[PDB]
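Written below as structure tokens is the structure these notes are about.
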Amino acid sequence: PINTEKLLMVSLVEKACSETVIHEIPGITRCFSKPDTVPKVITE
Amino acid sequence: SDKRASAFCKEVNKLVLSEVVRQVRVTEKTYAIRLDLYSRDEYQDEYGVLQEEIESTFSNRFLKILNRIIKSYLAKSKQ
Amino acid sequence: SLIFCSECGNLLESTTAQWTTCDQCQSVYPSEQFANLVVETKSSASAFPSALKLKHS
Amino acid sequence: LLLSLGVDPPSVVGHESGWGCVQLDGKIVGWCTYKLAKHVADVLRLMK
Amino acid sequence: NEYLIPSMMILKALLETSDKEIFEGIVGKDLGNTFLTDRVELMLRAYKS
Ligand SMILES: [Zn+2]
């Protein structure tokens with residue numbers, strides 16, 4: 001509706017794209033690989 | 001193998017739709033928003049989420065989030 | 001891309017509702033001259049924290 | 001000396017894109033392109 | 001004590017000004033720069049409130 005005031009669509013869309021997730025296992029992020037010839041995965 | 005190592009790594013890792021979008025232009029008037037998404041090749045090097053996955057989750061959850069935050073700001077402006 | 005009055009400075013109310021008239025000067029203009037105002041709003045660069053930007057910077 | 005040297009403070013907006021500001025201890029005295037701003041800075045320093 | 005009055009209020013209260021002057025003074029340049037133009041519009045209307 002036109003009676004609605006202007007919207008900061010750039011900031012709102014940045015907030016949306018920054019808040020929405022594709023595949024998250026709940027409470028995990030940043031799985032990383034660090035080198036004894038023992039390949040391991042260090043996850044936050 | 002290291003290929004499966006990095007595959008599982010991206011698998012259990014979480015990514016945010018901001019991390020695949022390029023600059024997002026929004027034209028005013030209707031009211032129109034257009035997101036630029038990186039080329040599927042460079043997008044699949046650091047990733048391995050497919051195009052259809054983006055399609056589905058983009059549509060559903062992205063519209064949910066966008067409408068939710070617009071309603072938040074509109075209700076803030078109602079006062 | 002904004003629609004100011006010419007007698008006063010009062011920014012006119014959006015012609016989408018009805019005719020264009022300033023609340024102080026009460027001045028008249030044809031609303032259809034500047035209809036369909038297009039504003040191409042763009043997102044500022046260096047705004048999405050990426051994991052691939054380092055592959056682009 | 002600034003008014004003599006190429007800057008002018010307006011009444012209605014005498015300002016455009018490239019023109020940067022010149023500030024006298026919290027008072028806007030003119031506007032000038034950064035090349036002319038640098039020239040003014042140097043010539044003022046040498047006059048001083 | 002802190003005190004908080006909107007900047008458009010004192011901007012109009014300071015000189016006998018019309019709104020086109022405030023706009024073309026803040027962002028009179030590069031006519032229609034996106035960010036500045038929409039922010040000043042929103043400000044002007046939020047004070048017109
Ligand atoms: Zn008017």
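So you can find residues: chains in the structure tokens are A, B, ... in the order shown, residues in each start at 1, and ligands are numbered from 1 in order.
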
For the interface of chain C with chain E (cut-off 9 Å, counting only C-alpha atoms), please tabulate each contacting residue of chain C alongside its nearest pair of atoms and their separation in Å to one decimal, rows sorted by chain and increasing number, as a Markdown table.
```
| residue | atom | partner | partner_atom | distance |
| --- | --- | --- | --- | --- |
| C:1 | CA | E:32 | CA | 6.0 |
| C:2 | CA | E:41 | CA | 8.0 |
| C:4 | CA | E:20 | CA | 6.5 |
| C:5 | CA | E:20 | CA | 8.1 |
| C:8 | CA | E:18 | CA | 6.6 |
| C:9 | CA | E:18 | CA | 4.2 |
| C:10 | CA | E:19 | CA | 5.8 |
| C:11 | CA | E:19 | CA | 6.7 |
| C:39 | CA | E:34 | CA | 7.9 |
| C:40 | CA | E:34 | CA | 7.4 |
| C:41 | CA | E:34 | CA | 5.7 |
| C:42 | CA | E:34 | CA | 7.0 |
| C:43 | CA | E:35 | CA | 8.6 |
| C:44 | CA | E:35 | CA | 8.3 |
```

Selected residues, N, CA, C and O atoms, written as a PDB file, in the first residue's frame, please.
```
ATOM      1  N   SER C   1      15.359  12.707  -7.974  1.00  0.00           N
ATOM      2  CA  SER C   1      14.188  11.871  -8.210  1.00  0.00           C
ATOM      3  C   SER C   1      13.078  12.161  -7.214  1.00  0.00           C
ATOM      4  O   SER C   1      12.166  11.353  -7.043  1.00  0.00           O
ATOM      5  N   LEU C   2      13.155  13.313  -6.557  1.00  0.00           N
ATOM      6  CA  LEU C   2      12.162  13.703  -5.570  1.00  0.00           C
ATOM      7  C   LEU C   2      11.303  14.824  -6.131  1.00  0.00           C
ATOM      8  O   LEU C   2      11.677  15.508  -7.086  1.00  0.00           O
ATOM      9  N   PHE C   4       9.513  18.117  -5.239  1.00  0.00           N
ATOM     10  CA  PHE C   4       9.391  19.268  -4.362  1.00  0.00           C
ATOM     11  C   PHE C   4       8.403  20.262  -4.948  1.00  0.00           C
ATOM     12  O   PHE C   4       8.145  20.282  -6.152  1.00  0.00           O
ATOM     13  N   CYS C   5       7.845  21.093  -4.073  1.00  0.00           N
ATOM     14  CA  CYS C   5       6.986  22.173  -4.525  1.00  0.00           C
ATOM     15  C   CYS C   5       7.837  23.320  -5.057  1.00  0.00           C
ATOM     16  O   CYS C   5       9.035  23.423  -4.782  1.00  0.00           O
ATOM     17  N   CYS C   8       6.362  26.982  -2.217  1.00  0.00           N
ATOM     18  CA  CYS C   8       6.940  26.709  -0.916  1.00  0.00           C
ATOM     19  C   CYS C   8       8.021  25.645  -1.066  1.00  0.00           C
ATOM     20  O   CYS C   8       8.426  25.290  -2.176  1.00  0.00           O
ATOM     21  N   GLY C   9       8.507  25.131   0.055  1.00  0.00           N
ATOM     22  CA  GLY C   9       9.468  24.053   0.000  1.00  0.00           C
ATOM     23  C   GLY C   9       8.876  22.742   0.462  1.00  0.00           C
ATOM     24  O   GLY C   9       9.541  21.705   0.418  1.00  0.00           O
ATOM     25  N   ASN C  10       7.623  22.785   0.908  1.00  0.00           N
ATOM     26  CA  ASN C  10       6.976  21.612   1.482  1.00  0.00           C
ATOM     27  C   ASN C  10       6.968  20.467   0.482  1.00  0.00           C
ATOM     28  O   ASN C  10       6.409  20.588  -0.611  1.00  0.00           O
ATOM     29  N   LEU C  11       7.596  19.357   0.860  1.00  0.00           N
ATOM     30  CA  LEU C  11       7.635  18.174   0.013  1.00  0.00           C
ATOM     31  C   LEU C  11       6.226  17.631  -0.199  1.00  0.00           C
ATOM     32  O   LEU C  11       5.528  17.302   0.766  1.00  0.00           O
ATOM     33  N   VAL C  39      13.269   4.566  -9.089  1.00  0.00           N
ATOM     34  CA  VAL C  39      14.450   4.744  -8.256  1.00  0.00           C
ATOM     35  C   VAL C  39      15.160   3.407  -8.184  1.00  0.00           C
ATOM     36  O   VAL C  39      14.601   2.432  -7.668  1.00  0.00           O
ATOM     37  N   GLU C  40      16.386   3.359  -8.691  1.00  0.00           N
ATOM     38  CA  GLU C  40      17.156   2.124  -8.781  1.00  0.00           C
ATOM     39  C   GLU C  40      18.086   2.085  -7.576  1.00  0.00           C
ATOM     40  O   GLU C  40      19.205   2.600  -7.627  1.00  0.00           O
ATOM     41  N   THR C  41      17.612   1.474  -6.494  1.00  0.00           N
ATOM     42  CA  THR C  41      18.331   1.409  -5.230  1.00  0.00           C
ATOM     43  C   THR C  41      19.281   0.221  -5.273  1.00  0.00           C
ATOM     44  O   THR C  41      18.881  -0.887  -5.641  1.00  0.00           O
ATOM     45  N   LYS C  42      20.532   0.458  -4.914  1.00  0.00           N
ATOM     46  CA  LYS C  42      21.586  -0.533  -5.013  1.00  0.00           C
ATOM     47  C   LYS C  42      22.219  -0.732  -3.644  1.00  0.00           C
ATOM     48  O   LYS C  42      22.239   0.173  -2.809  1.00  0.00           O
ATOM     49  N   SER C  43      22.743  -1.931  -3.409  1.00  0.00           N
ATOM     50  CA  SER C  43      23.406  -2.250  -2.154  1.00  0.00           C
ATOM     51  C   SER C  43      24.859  -1.818  -2.226  1.00  0.00           C
ATOM     52  O   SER C  43      25.549  -2.094  -3.212  1.00  0.00           O
ATOM     53  N   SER C  44      25.320  -1.140  -1.179  1.00  0.00           N
ATOM     54  CA  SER C  44      26.690  -0.656  -1.157  1.00  0.00           C
ATOM     55  C   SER C  44      27.666  -1.825  -1.212  1.00  0.00           C
ATOM     56  O   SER C  44      27.430  -2.894  -0.645  1.00  0.00           O
TER      57      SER C  44
END
```

Mind running chain B against chain C at 6 Å and telling me each contacting residue's nearest atom pair with the distance in Å (one decimal), counting only C-alpha atoms, chain and number ascending, as JSON lines?
```
{"residue": "B:19", "atom": "CA", "partner": "C:50", "partner_atom": "CA", "distance": 4.8}
{"residue": "B:24", "atom": "CA", "partner": "C:43", "partner_atom": "CA", "distance": 5.6}
{"residue": "B:25", "atom": "CA", "partner": "C:42", "partner_atom": "CA", "distance": 4.3}
{"residue": "B:26", "atom": "CA", "partner": "C:41", "partner_atom": "CA", "distance": 5.1}
{"residue": "B:27", "atom": "CA", "partner": "C:40", "partner_atom": "CA", "distance": 4.3}
{"residue": "B:28", "atom": "CA", "partner": "C:39", "partner_atom": "CA", "distance": 4.9}
{"residue": "B:29", "atom": "CA", "partner": "C:38", "partner_atom": "CA", "distance": 5.4}
```

Could you give me, as a list in words, the residues within 12 Å of residue 1 of chain A, counting only C-alpha atoms and dropping anything in the same chain fewer than 4 positions from it?
residues 5 and 6 of chain A; 29, 30, 31 and 74 of chain B; 14, 16 and 17 of chain C

Could you pull out the residues in segment 1-35 of chain B that DSSP calls helix (DSSP H, G or I) from the backbone, as number ranges by chain?
B: 2-12, 17-19

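Atom pair atom CA of residue 7 of chain C / atom CA of residue 14 of chain D: separated by 21.0 Å.
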
Write out as a ChimeraX atom specification which residues come within 10 Å of residue 49 of chain B when counting only C-alpha atoms, dropping same-chain ones fewer than 6 positions away.
/A:22-23 /B:10-11,15,40,43

If you keep N, CA, C and O atoms, can you produce a file of those selected residues as a PDB file, in the first residue's frame?
```pdb
ATOM      1  N   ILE A  22      21.007 -22.308   4.703  1.00  0.00           N
ATOM      2  CA  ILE A  22      20.684 -23.359   3.746  1.00  0.00           C
ATOM      3  C   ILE A  22      20.624 -24.699   4.462  1.00  0.00           C
ATOM      4  O   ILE A  22      19.572 -25.344   4.511  1.00  0.00           O
ATOM      5  N   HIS A  23      21.750 -25.124   5.025  1.00  0.00           N
ATOM      6  CA  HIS A  23      21.842 -26.373   5.776  1.00  0.00           C
ATOM      7  C   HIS A  23      22.712 -26.114   7.001  1.00  0.00           C
ATOM      8  O   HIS A  23      23.923 -25.917   6.901  1.00  0.00           O
TER       9      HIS A  23
ATOM     10  N   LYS B  10      32.325 -29.477   3.940  1.00  0.00           N
ATOM     11  CA  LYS B  10      31.257 -28.590   3.490  1.00  0.00           C
ATOM     12  C   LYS B  10      29.879 -29.126   3.854  1.00  0.00           C
ATOM     13  O   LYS B  10      28.931 -28.343   3.968  1.00  0.00           O
ATOM     14  N   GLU B  11      29.750 -30.440   4.032  1.00  0.00           N
ATOM     15  CA  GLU B  11      28.461 -31.044   4.337  1.00  0.00           C
ATOM     16  C   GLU B  11      28.006 -30.685   5.743  1.00  0.00           C
ATOM     17  O   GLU B  11      26.917 -30.138   5.938  1.00  0.00           O
ATOM     18  N   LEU B  15      26.306 -22.842   6.013  1.00  0.00           N
ATOM     19  CA  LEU B  15      26.518 -21.614   5.266  1.00  0.00           C
ATOM     20  C   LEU B  15      25.251 -20.767   5.285  1.00  0.00           C
ATOM     21  O   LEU B  15      24.145 -21.259   5.515  1.00  0.00           O
ATOM     22  N   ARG B  40      27.712 -20.740 -10.983  1.00  0.00           N
ATOM     23  CA  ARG B  40      27.595 -22.033 -10.315  1.00  0.00           C
ATOM     24  C   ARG B  40      28.943 -22.731 -10.189  1.00  0.00           C
ATOM     25  O   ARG B  40      29.112 -23.589  -9.321  1.00  0.00           O
ATOM     26  N   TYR B  43      30.742 -20.928  -7.515  1.00  0.00           N
ATOM     27  CA  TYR B  43      29.833 -21.171  -6.403  1.00  0.00           C
ATOM     28  C   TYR B  43      29.924 -22.611  -5.911  1.00  0.00           C
ATOM     29  O   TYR B  43      29.606 -22.894  -4.755  1.00  0.00           O
TER      30      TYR B  43
END
```

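All residues within chain D that the backbone DSSP calculation assigns to strand (DSSP E or B) are residues 20, 21, 22, 23, 28, 29, 30, 31 and 32 of chain D.
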